[PDB]
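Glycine gets a Cβ as well: all are built from the backbone with ideal geometry, and neighbour counts include every protein chain shown. Coordinate-derived values only; no laboratory data.
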Amino acid sequence: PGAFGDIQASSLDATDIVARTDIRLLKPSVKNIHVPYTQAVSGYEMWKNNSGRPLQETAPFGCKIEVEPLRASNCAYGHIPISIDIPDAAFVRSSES
Amino acid sequence: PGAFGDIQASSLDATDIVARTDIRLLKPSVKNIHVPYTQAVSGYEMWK
Amino acid sequence: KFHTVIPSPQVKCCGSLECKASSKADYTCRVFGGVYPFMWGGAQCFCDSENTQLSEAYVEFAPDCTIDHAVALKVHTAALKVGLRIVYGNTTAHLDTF
Amino acid sequence: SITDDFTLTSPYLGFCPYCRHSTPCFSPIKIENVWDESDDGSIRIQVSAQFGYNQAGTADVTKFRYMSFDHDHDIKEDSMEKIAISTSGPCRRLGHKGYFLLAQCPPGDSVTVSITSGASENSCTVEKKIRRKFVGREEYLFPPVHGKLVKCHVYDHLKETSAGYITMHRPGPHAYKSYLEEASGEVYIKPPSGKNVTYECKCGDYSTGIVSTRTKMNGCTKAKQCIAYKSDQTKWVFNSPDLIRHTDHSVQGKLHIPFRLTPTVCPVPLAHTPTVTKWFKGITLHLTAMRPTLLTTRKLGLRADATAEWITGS
Amino acid sequence: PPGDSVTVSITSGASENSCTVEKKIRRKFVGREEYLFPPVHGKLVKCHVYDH
C-alpha cells in the first residue's frame, strides 16, 4: 500500500486485477445508510510526485532515449571493429593512376 | 540589458534615446497577423 | 491510479449475513449488527435491533487510465545496431549492420 | 453491452455531505465522482441526476430529470438553465449527458453543483483539490499565441465519445413512513393514490404482501414493526453507496462515461534565448524568466552529472 | 468565507452604500485533525457555537 505498483494487471482491460490498498471498513456511526471506510493514498500518485528526473535527461554518452520500442539512439561510446571486403571492380592498377 | 541604465536620455522629452534591451524578433508561427518578439526585463524595475 | 468502488450496501432486517470470497482486487467485507438505517422515506427495517449490514469495497482502473498509466518492464542484454555510410572511390553505400 | 436508452434508467436520491445550509442532506444532485485528468483544466463530474433528457427519458438538451422530495415519488423535469457548477467562482459548462457533466473551472478546494432557481434550489459540495495545469517545461497562465505545438490530452467536449462505463442495477426497497398509519392501537397501510405497495412486518410471525388500498396488519400495535414500499419498479439506478440494494444486485445494463481523454496538440511558450559567455572549460548562461521554466544539463561522457532547476527571474 | 475585512451594505435604493472594517477571519476546526467540511462519519466532541 502507498507505493508504486500497488495495483497490478497484465492489461488495462484485464479481468484479473491484484491490489493491496489497505482498505479498512468502519462501523457506521450515523442513522442514514452509509459505508464508512478509510484507505491508503494512491502509490501511483505518490510516485508521480516522486518520480525524479527521466532517463532522457540522465543517460550517459549523450544517448537519446525513445520508446516503441525502448531504445537508446546516437550514443557515443567505445570503438567498433569493421571488416570490409571491397569488390575488385573498385580497384585500378598503378598503370592507370 | 537587464541592468540599471539600459535606456538613456539627456531629458525625458529628448528625441535622441539610446537603449539596449535585447530584443529578438521571431518568425510568426500562426496564420493571423502577428509580430512575435522576446525581450529582457526592465533594468530599472530590477534596480527598484 | 485506482478507483475505489463502494457498492450499494446489503441490509438484512431481522436476520444475519456473512462475508463471502471474491476475486476482485483488494476485496474487503465486513458485517455490522445492531443496525437501523434510514433513507429519505424513513426507516428501512422493521426490527429496531438485530438488523445486520454488509459493507464491501474493491478497486478498479480509473476511467482515464487508458492514457495515464505506467508499464513495468524487465530489461536484458542490449544489442547495438548502427547505420553506416561507406564511400570507396566513386561509389557511396548505405547499410545497417549488427 | 452499453445502452443509450435512458427510458430504462432512473435518477435517484443521494446523501450529500454539504448542502446549502452547510449540513448533510439527502440530495437529488448528489456528487458521486470528480475527475481532473485533463491538460486544459476541464473536469468531469458524476451526479445523481440525469442531464439532457426529459421526464420520460427521451433526449432533449434543454431539460434534466431528477428525483422528487415527496412520498408519491416520481421523476420530475426542470431546465438546464438552473444547473450551476463552481469551485471558487462559477465554472463554464462544456457539455452534459446522463449522470455526467463537463466544466472548465477556476482553481479551488471544493466542487459545487446547485439548482439556482425554483422549489428545488439546493447545493452539493464535495472536497476536491483543483489546481492550475500546464504542459511542457515553461509555466503559463494562459496559452500563448506564438509558440510550439506539443502532445497533450484533453477531455472531448462531445458527449458521443466514451471514457468507459458504469454498471446499473434494479433498485432495492425504499420504505416511506407516510405509507404506514396508527389508528388507536392498530396499524394500517396507506398506499399512495391508487398504487401498489409491498409491506413487510414482524408482528409475531413474519408476514409480507402487496396491497393497493388501506389494509389492516393483524397483531401489530406500533408502526415501527412494519415497513411499506412501492411495488413494480425496475428502472435502473447507479451502483451508489447511498442506496440499499435489491435481492439480486446483478448488472442489468451499462451506461457510457462520456467526454473521453483524447490526444491533441496545445500551444506552449518559447522562452527568451540566453546569452552565453564561454570562459575556459566552462560556460555561463544568462537566463530571463518571468514564470518558472526548466533548465537541465548533462555531460556527454561516462558520467552525466545531470542537473535540473526551475528558474524564475533574470 | 475567510477574508481580511467585513462588509455590511445596503444593496438597493437611495441608501445604497457600504461600510468595511479590517478583520482577520480564517478557517476554524475542532480537534486534532484539520478539515474543510465536517465529515459524516467520525466522533462527536465538545465545541461552542453562537446560538442562531
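Observations, loosely collected:
- Hey, D:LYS177 of a type in the set (D, E, K, R), surrounded by fewer than 18 Cβ atoms within 10 Å (Cβ to Cβ) and within 11 Å of chain C (Cβ to nearest Cβ) or not: yes
- Residue match in segment D:79-94 (condition: of a type in the set (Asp, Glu) and in a strand (DSSP E or B)): no
- Residue satisfying all of: in segment D:276-306; surrounded by 14 or more Cβ atoms within 10 Å (Cβ to Cβ) and more than 14 Å from chain A (Cβ to nearest Cβ); nearest to A:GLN56 (Cα to Cα) among these: D:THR293
- Candidates D:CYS220, D:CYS266, filtered to the one that is in a loop (DSSP other than H, G, I, E, B), touching a strand residue (DSSP E or B) at 6+ places or on another chain (Cβ under 8 Å) and either under 30 Å from C:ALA43 (Cβ atoms) or more than 14 Å from chain C (Cβ to nearest Cβ) (or both): D:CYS220
- Selection from segment D:246-260 of residues that are crowded, with 22+ Cβ neighbours inside 10 Å and at the interface with chain C (Cβ under 9 Å from one of its Cβ atoms): D:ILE257
- Only one entry of D:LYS97, D:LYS82, D:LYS30 meets the criterion of being over 16 Å from D:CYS124 (Cα atoms) and of a type in the set (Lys, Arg), and that entry is D:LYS97.
- Segment C:39-98 - residue that is more than 8 Å from every other protein chain (Cβ to nearest Cβ), within 30 Å of A:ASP22 (Cα to Cα) and aliphatic (A, V, I, L, M) and, of those, surrounded by the fewest Cβ atoms within 10 Å (Cβ to Cβ): C:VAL71
- Residue within segment C:39-62 that is hydroxyl-bearing (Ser, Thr, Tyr) and not in a loop (DSSP other than H, G, I, E, B) present: yes
- Out of B:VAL41, B:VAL30, one residue alone is surrounded by 11 or more Cβ atoms within 10 Å (Cβ to Cβ), in contact (Cβ under 8 Å) with a residue 24 or more places away in the chain, assigned to a loop (DSSP other than H, G, I, E, B) and on the phi < 0 side of the Ramachandran plot. It is B:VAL41.
- Inside segment A:46-64, residues that are in contact with a strand residue (DSSP E or B) (Cβ under 6 Å, 6 or more places away or on another chain) and either over 26 Å from D:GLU309 (Cα atoms) or of a type in the set (A, V, I, L, M, F, W, C) (or both) make up a count of 3.
- Filter pass, D:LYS230 being within 12 Å of another protein chain (Cβ to nearest Cβ), under 22 Å from D:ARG65 (Cβ atoms) and among the basic types (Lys, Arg): yes
- Verdict on A:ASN49 being exposed (fewer than 12 other Cβ atoms within 10 Å of the Cβ) and closer than 26 Å to A:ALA19 by Cβ: yes
- Which numbered condition D:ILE257 fails, given (1) assigned to a strand (DSSP E or B); (2) closer than 28 Å to D:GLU182 by Cα; (3) aliphatic (A, V, I, L, M): (2)
- Subset tally (residues that are within 12 Å of chain C (Cβ to nearest Cβ) and among the small types (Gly, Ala, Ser)) for segment D:1-41: 3
- Boolean, D:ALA271 is facing another protein chain (nearest Cβ under 9 Å) and assigned to a strand (DSSP E or B): no
- Contact map, segment E:11-34: first residue within 19 Å of E:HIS48 (Cβ to Cβ), second residue aromatic (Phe, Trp, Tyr), Cβ cut-off under 7 Å, separation 6 or more or different chains; pairs are E:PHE29/E:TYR35.
- Residues of segment C:3-34 classified as of a type in the set (A, V, I, L, M), at the interface with another protein chain (Cβ under 9 Å from one of its Cβ atoms), over 17 Å from A:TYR37 (Cα atoms) and assigned to a loop (DSSP other than H, G, I, E, B), total: 0
- Residue list for segment D:15-27, filter: closer than 10 Å to D:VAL126 by Cα and either of a type in the set (A, V, I, L, M, F, W, C) or part of a strand (DSSP E or B) (or both): D:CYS16, D:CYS19
- Matching residues, segment D:155-202, being touching a residue at least 60 places away in the same chain (Cβ under 8 Å) and in a helix (DSSP H, G or I): D:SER178, D:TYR179
- Checklist (1) without any contact (Cβ under 8 Å) to a residue 12 or more places away in the chain; (2) away from chain C (no Cβ under 11 Å) applied to D:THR215, failing item: (1)
- Hits in segment A:28-50 - residues which are within 14 Å of chain E (Cβ to nearest Cβ) and more than 23 Å from D:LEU13 (Cα to Cα): A:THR38, A:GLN39
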